[PDB]
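> this one's structure only:
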């Protein structure tokens, strides 16, 4: 199963980073959150997590995107950055 979420962050100035480390994988398409940077907007917001897949940013499709494409979109954004997320899998497993 997967959860689909939407997270809105607000840039204080046009050059502020979001505080996210985005990666590609060789074995599946998409752009994924690896980790959030300390003290950054995303961390402060508290909703995004490692292994989230970024499906879209501000209505721009990222399903088959790249980290560079995400960077272009974010760097050119307005103040509000809305991310649509897919979060797969079980949060707890007994094994």
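Structure's in. What do you need? Numbering: from 1, shown residues only.
> Now name the helix or strand holding residue 34.
Using DSSP states H and E, residue 34 sits in strand 31-36.
> Which neighbours in the sheet does that strand have, and how are they oriented?
The strands beside strand 31-36 in its sheet (DSSP bridges) come out as strand 20-23 (antiparallel), strand 53-57 (antiparallel).
> in that strand, what counts as buried?
Under the neighbour-count criterion of 16 or more other C-beta atoms under 10 Å, strand 31-36 has 31, 32, 33, 36 buried. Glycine gets a C-beta too; all of them are placed from N, C-alpha and C.
> Over to stretch 1-21?
With burial defined by 16+ other C-beta under 10 Å, the residues of stretch 1-21 counted as buried are 7, 9, 11, 18, 19, 20.
> Now do it: everything it contacts.
With C-beta atoms under 8 Å, 6 or more residues apart in numbering as the test, stretch 1-21 has contacts from 33-43, 45, 47-48, 55, 74, 77-90.
> how distant is it from the center of its chain?
Taking C-alpha atoms, centre = their mean, to the nearest Å, one finds stretch 1-21 lying 6 Å from the centre of the chain it belongs to.
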